[PDB]
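Working notes, beginning with the structure itself.
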Number of protein chains: 4
Amino acid sequence: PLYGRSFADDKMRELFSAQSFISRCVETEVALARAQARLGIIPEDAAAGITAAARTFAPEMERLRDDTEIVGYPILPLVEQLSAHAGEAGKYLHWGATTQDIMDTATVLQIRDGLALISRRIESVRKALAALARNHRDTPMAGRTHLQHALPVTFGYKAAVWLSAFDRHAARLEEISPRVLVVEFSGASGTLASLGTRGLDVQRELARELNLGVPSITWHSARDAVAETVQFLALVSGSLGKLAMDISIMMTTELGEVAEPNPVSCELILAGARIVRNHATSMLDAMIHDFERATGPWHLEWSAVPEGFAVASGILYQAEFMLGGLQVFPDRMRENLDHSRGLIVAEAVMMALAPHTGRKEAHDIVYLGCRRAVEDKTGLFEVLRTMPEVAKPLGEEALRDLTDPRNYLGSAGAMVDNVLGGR
Amino acid sequence: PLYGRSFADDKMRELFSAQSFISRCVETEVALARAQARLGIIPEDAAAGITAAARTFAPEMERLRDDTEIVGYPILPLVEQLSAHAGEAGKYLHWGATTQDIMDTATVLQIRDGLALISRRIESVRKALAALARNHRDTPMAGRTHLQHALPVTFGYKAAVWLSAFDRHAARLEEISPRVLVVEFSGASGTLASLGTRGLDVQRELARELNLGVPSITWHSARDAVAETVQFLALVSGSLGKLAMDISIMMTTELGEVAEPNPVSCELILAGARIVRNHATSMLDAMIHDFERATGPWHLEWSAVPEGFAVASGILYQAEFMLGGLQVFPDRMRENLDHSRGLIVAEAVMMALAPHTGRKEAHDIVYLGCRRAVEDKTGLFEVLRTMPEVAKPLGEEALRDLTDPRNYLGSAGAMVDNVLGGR
Amino acid sequence: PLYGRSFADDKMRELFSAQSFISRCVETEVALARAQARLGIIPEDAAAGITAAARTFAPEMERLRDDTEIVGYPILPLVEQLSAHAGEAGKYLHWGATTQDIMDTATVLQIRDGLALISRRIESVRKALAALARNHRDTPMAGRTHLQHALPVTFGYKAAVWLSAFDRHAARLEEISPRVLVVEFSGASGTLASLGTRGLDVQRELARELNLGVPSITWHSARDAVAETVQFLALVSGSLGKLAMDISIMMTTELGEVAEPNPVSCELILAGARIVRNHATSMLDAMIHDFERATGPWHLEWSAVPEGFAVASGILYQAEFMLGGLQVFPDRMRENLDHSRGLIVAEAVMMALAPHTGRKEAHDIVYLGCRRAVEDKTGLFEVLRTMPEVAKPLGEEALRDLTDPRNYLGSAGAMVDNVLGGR
Amino acid sequence: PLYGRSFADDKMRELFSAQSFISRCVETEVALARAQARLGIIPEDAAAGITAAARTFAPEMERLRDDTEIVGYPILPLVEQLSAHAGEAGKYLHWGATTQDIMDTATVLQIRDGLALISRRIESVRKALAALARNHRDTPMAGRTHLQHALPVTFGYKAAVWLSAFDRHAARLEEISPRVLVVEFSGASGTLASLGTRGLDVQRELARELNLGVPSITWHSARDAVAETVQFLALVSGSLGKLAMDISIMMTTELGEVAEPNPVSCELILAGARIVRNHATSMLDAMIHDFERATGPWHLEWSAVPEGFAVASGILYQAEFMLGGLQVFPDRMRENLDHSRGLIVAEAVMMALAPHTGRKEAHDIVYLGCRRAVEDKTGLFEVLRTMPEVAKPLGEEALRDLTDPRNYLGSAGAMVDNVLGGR
């Protein structure tokens, strides 16, 4: 279809393409042969022969697609093509393997590449956020609670908040990786029966050959490490959605506080976040995976994994681009901050007044000053100055200072420094 | 409503009750007063007075409920009741705090208790699974792929697979806890402006008083650590759903391989898993939390957190009970394993035959033997014995051995030992 | 829990309470007895006795709750209490019935009341929208596409759009009602075997007694009419969410175009819409209802129906209230419309210019006029007037008229009249 | 990607392809020109010229794709290509139109074709179900409640239940069609300002030209008729999931009651049902469509509509195929029905006994007979015959009859006839 711009990443689509999947499938079968020759399970020349045939092997992709439709899966047709190519040594291919072993393991190999690309995009996101946080550390603007002026903040403060989430997501990525990056090799019902007593030796050797962890046990039907990976994609997408909401709303005509380098990046991010969320939902369904293999639940991973990855990668890329070139308008920010003519810093007059009148009293006086500033379509300073119960204890100069929003930024700057932590 | 049995945990409901929430709210305000007196921000006798008034303070809950409906939130009415009770020292309560600070922080205190109860139930689940895995390590049964006989497995093998997931969930719980268990104290728009330059000192002192971490920055609108907690609840629930599917299907009249101590625990687990999944979905939506506070998204946490916790706790409790007293029937298991009369171990004859005939040939001979056993409504041994291309190379005694499913369990036992790891 | 305001309707909660459910359960059993006495299936005095005992019968609710936990369901304990109360005639109660018959049918009776209350709230919503549409038919304001000024619209036009959706939802409600409002009476596995050949006679008589339709066949496991009802709740909630988005954004400080009578109604509506959506999701899951009864899927209806109803009713009530008393500010609307100083009606100059210069040419001239108005921080009229390729063909008076947004409202008024259709 | 078989329909993919979308886009623009020439809004030769250029027009698809990435949408680039081709008459193209008008309307044209294909597949589904219901009307089998033997049913009875849902879905399709099949033509902010006073005339003429209804008002941001269409797809998918659950479980080795013509159709249906459910979820999100156009929410339709259609069509096709050639095994059905050796018809002995002993007494006697049949691993008849409190009042011949499950099918046959209703 042709509608608009895609939120899916082409690099992440190349990664989960048929050609790439198949080549990881071959990679797995060759490593299995090698693992078995080292453990003396198949002849050493059979593995040598298999290794060499694979160096020169080029699958016949259309034949593969056609046979998959007949057989249900590409693995045994792929083994047939590889066997034909290898001659006599090919008779030792896929020895003790089942289809889900090769498909799970090839999937894990792609997930390794998928996660390196995700990590790379999360690191660019953090970099562009740290720059915004640093450069706009002292750029004042209105803080908003339910879309309405609350107290002054700075734009670097906002960027630091966005950044803090991505610092946490970077940490999550590193925790999830050793759980999901494990080999699958357990055979038709997960017992490796066809290998007699040597099954666990093969499984461990195979992990080593591919540079993967070893699972505690068969995970044909224990899908939690894969589900948590897509859940993680969905969590990152949610954090992208938050900043996309903020930016697209700051692009409102009457605000005009920023501009993207239609907020098209925000559009793609916000739609994509919901689609990734849906892929996480499917993975929670796919976990209800009955007995030793269930084709229904398993089929659900086949969209949720590659598409969760493609879409999450594309919206991270949209965020890298948007945040990297974000146009920030301190002039519009300053103008919007003055919109309430000091009302936004009523709290600062209360704080200053309380030691003189007491706390409830200070609150009552200033809220009265605020109702009148509003009702009289004038500034808070111009109301408060005529009110001797405030003006006399504070003085007019102090009132001018306290009603200037630029003077009430609190720990904003220090909070930014804390998150940046010497970046 | 009155329908059937509840999948929600009453202990987890007491934990998120109004009374408990309110008492954590008071706990937070008192700790805030104490933190401020140590940093010289409020008078030491004001904090002493607040601490003592709180020891004797008992909220007026109906008054609180009524005022919340007027004000929108219980915090300021609760502060009013506590102020009245404390006399003069009460004027220093909620100093520099906003409502979401107290509500977020009190929520975090409940989550600490919620997570200890979740951890406790996950540990009982693992214990009952390890017992099943150990005692039934060698109990043979049919492995099933798409609900059909695949190869022999043991029931302890199945339990070890279920167990392996829960071993991983235990690890996840420990990783998530330091992220979610952090104080919230940042004031009305997250800058602590009302505290001048001392805001971060207060925030850190307050974390110490309550024994919580310190956030990198304000998380009024960065909700990822809370979202990941409910996502985690949903992942555990998914693993409960998998074993509930397996058990309820093994209770099928024609199977009869186990019994619960209607599979009512399986019913509750399986419905509950979908409801927890829905609470995780809501949390991903709640993450799109615009600016410095957005009431819509925030309102979504108010069901998703307490109810995600209550339901996940209740279905973990149902699993503790069911798995702790699971009735396992090795007799029905043995009978179902013999259903195919050796067909389930055709692969074992192939494995044995291959060295004599070659691999494709062995496969073709035995699949032919299998088609005839089926078409002739007899056992595989009785077909193969009359087939000299198998009988002569193997011998009839070997054929009897190879067609007995009890002889083809592979690494099942060793895989169980691996997961148990000296439990 | 105590957090804020509830989005759930108390009337709709009373409707789905245990007491109400139970009383519909009794209503169903009595009607079943009556249906059977008319068809000569049970003695006429047995039905008379049952009818009279039920007039005076008051369930023992705590005993019921306790027994449900033992039995799994309230129906047979409720039949026991009713039997005891009726004396000898009680021995003919629940004759040929199963538990799901009584529970499905009692649920349908509540759904009838639930749908009348939903219809009532949808009619108040439409009324308050028609008033807004009518009174503000000619109130000009900026149209917004991706939150940015597009062309002029009127606020009545916006209200008419919101209204049009609710006109369609009213129609949907009437279509769904005869599908969902049917009796369930089919016995333990849906064949009414215990009634010999008279089962369908009883089922039809029973529908008549309760004033319900007759299903085509047993729907113990065909749940589509119930699922479509909650889906419908979710669709209405979505339309409430749209207008809640619009209103809460129009309450933005810099907009200030309306006010609710924190946009608390918008908060509740927007959170509630997602929760109703989640209840619809659960109903789609509950539809996968295996064989003749499956307790897992069925358990899912037990939250999704009563809670979908309660929440959808509460957010409709919030919308009735908010829209009924909506404060509309034509002054802020007029001010925001002038924000772009005629840029918002560049299209009107193009339209007028095209006959003179051609179409692409008119577009190029005016877009150039627009770039300069922006770059020169002045109004579009003040730029265009100095541009003889526009000023000379059009004349300055015409330019003044064309750059006034109030002159470019198109069919807004007529579109409003169309939707109102003589209301 | 290459994994297994697709659940998406290629015909439905051709329908939502770029080429097809674009050709409907041209169809819309030509009809708009024609509508305008009839109302005297553009010259008659301009429309004639546009009509003729379109007969010969062939878009340059790669150029279109490239320009969409620059412009955001294919509409204005497509208008440019069509203008170039038409010469002078092309200057009247897209007169008063906005991009979403053409894209919404072209989408509606595809939905018309999509719904005809859905209707066609629902009619084949109903046909294959009616055949199964009719041919197996009297084929006895065990009814199952929570996967366990309940009472006898027939397989035609099961098929009639499945059928009844699809009869209702056929009715729903006809109700939804006039709501969703309406033109979109309202211009940039939905007021048709650029057409002065003639906008509604054009909109109505255009509906007539394309053979669509006329909307009550602009639906750029009122998306309920589109959302309800995908919700409907999700409801049908749910009903497919129910029968797919039933069939795949009846393929369990120990059951063996049916076979598909791996239950691969059941796999695809069951995964697809969850994916369609997810597309319905996205549509409920897309409904929160702020102001006069919001690109984020709108972008969500761009996957949910074409993919909801493609997947729902593919799983309907899988069901047509599977149900059309379903292998039904009355022999395995009869064998499983005898599994309980009369226990499954204990209720029939109770029914017969009650007039002699009373009702509670009859229940107690037979449940005792049932406990002993179980504990003694013998048939119910062989226990009951030795029990004079049953044997003497009933007689042994009657006991033999009552313990034969084939004698207890109730209204099964009549219920089948009711649903078939003379098919």
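What you see below is based on every heavy atom in this structure, not just the backbone, and it leaves out hydrogens, waters and symmetry mates. Reminder, nothing fancy here: chain letters follow the sequence lines and each chain counts from 1.
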Non-hydrogen contacts under 4.5 angstrom with chain C: give the residues of [range] involved, or none if there are none.
{"range": "residues 5-12 of chain B", "value": "B:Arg5, B:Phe7"}
{"range": "residues 295-310 of chain B", "value": "B:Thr295, B:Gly296, B:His299, B:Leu300, B:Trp302, B:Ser303, B:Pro306"}
{"range": "residues 276-287 of chain B", "value": "B:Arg277, B:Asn278, B:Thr281, B:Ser282, B:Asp285"}

For the student: nearest non-hydrogen atoms of B:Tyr73 and C:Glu267, plus distance: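 Taking B:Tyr73 first and C:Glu267 second, the nearest heavy atoms are OH-OE1, 4.3 Å.
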Of the non-hydrogen atoms in C:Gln110 and B:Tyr3, which two are nearest, and what is the gap between them?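 Closest pair (atom of C:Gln110, atom of B:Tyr3, distance): OE1-OH, 4.4 Å.
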Could you go through residues 268-275 of chain C and list every donor-acceptor pair under 3.5 Å that involves a side-chain atom there, pairing it with any protein atom two or more places apart or in another chain?
from, atom 1, to, atom 2, distance (Å)
C:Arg274, NH1, C:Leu270, O, 2.9

When rounded to the nearest 0.5 angstrom, what distance separates CG in B:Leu2 from CD1 in C:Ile22?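 One gets 5.0 Å once the value is rounded to the nearest 0.5 Å.
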Is B:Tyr317 atom OH crowded by more than 12 heavy atoms from other residues, nucleotides or ligands, each under 6.0 Å away?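 Not buried by this count: 12 neighbours or fewer within 6.0 Å.
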With only heavy atoms counted, which part of B:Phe21 is less than 4.5 Å from chain C, the side chain, the backbone, both or neither?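 Just the side chain, heavy atoms under 4.5 Å.
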Name the member of B:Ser20, B:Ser248, B:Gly72 that forms the most heavy-atom pairs with chain C at distances under 4.5 Å.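 Ranked by contacts with chain C, first place is B:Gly72.
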